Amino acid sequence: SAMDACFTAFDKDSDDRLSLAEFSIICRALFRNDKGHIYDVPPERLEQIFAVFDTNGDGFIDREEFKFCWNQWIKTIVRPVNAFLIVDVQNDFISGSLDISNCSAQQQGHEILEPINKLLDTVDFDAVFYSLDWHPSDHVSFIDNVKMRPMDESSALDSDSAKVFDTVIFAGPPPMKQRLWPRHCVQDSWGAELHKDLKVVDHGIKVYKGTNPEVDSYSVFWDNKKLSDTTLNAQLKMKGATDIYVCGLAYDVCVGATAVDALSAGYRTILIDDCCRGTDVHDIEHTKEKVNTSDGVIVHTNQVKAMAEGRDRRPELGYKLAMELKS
């Protein structure tokens, strides 16, 4: 029903087909906000999307081709299924052994707590996940343990010259780069607890990462070698999640890693800038470029509610999804 009605209303031609020109009008209906702005879609990208749904190449989208378009593209743009992913908002990264405010950029991690809690209070997400760095005491990422594991011949620094925040390269095939951190987020420790003032909503799901002594996992998805993953992706699929809102600590390390993996996994991905803090101004900007160049978007807390409710529908996310629907 509603669908044929939509197709009918944009088939100006009345020829039971959709030209590129009539499709461009669909896009202008889709990619706008409700504060009076219509987003600009480059004509090149316009045809890129169009060609996804013109599955035979006839230069038209007929009512048979449009089924795929309506069910799998238009419906997600107008009614996304939103997951909120709160990364590593843990004691050791705010006031303990790895207080981000002591890193180079001197940013204060406690400041993300207010806007995150406000989002949790005002936006009805379809799922909320909280990740926790969850390291065993013998974890490879600690300066404390650099002597436990043989170093690679490629590494500039060995167990006797390495200092906290240096990068070493461990042997054990394959060779493995690892930045060394103070002991942090050890399992069952105060430093691994979620910050006491972070709201843990009742439906919230905790995802534990970094548990293998031999490999780190900055990302809530795959570990740093992309060998093993958490069950986050499987849990997202069980919820029908289409869109992932990512925040937390640190912007340029775990948040960024998680956001890039979410894009790799195929999700429409939104990084909430002011709900994040990072360790280094230059690496934060490199993280932003990565997300932007892979068709994620970066937004402020105040934009999230209208996006999640489908009242502010961004064309970068529409393009992401059309490119993913190629396969």
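When you see a residue number, it is the position in the sequence shown, counting from 1.
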Of 214-222 and 148-156, the stretch with the higher mean C-alpha B-factor in the deposited entry is 148-156
Comparing mean C-alpha B factor in the record for 267-275 and 53-61, the higher one is 53-61
The largest CA temperature factor among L46, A29, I298, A259 is found at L46
On the chain's distribution of Cα B-factors, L18 falls within the third called highest
Among the modelled residues of its chain, the C-alpha B-factor of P115 falls in the third labelled middle
On the chain's distribution of Cα B-factors, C247 falls within the third called lowest
For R313, the third of its chain by CA B-factor is the lowest
Split the chain's modelled residues into thirds by Cα B-factor; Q106 lands in the middle
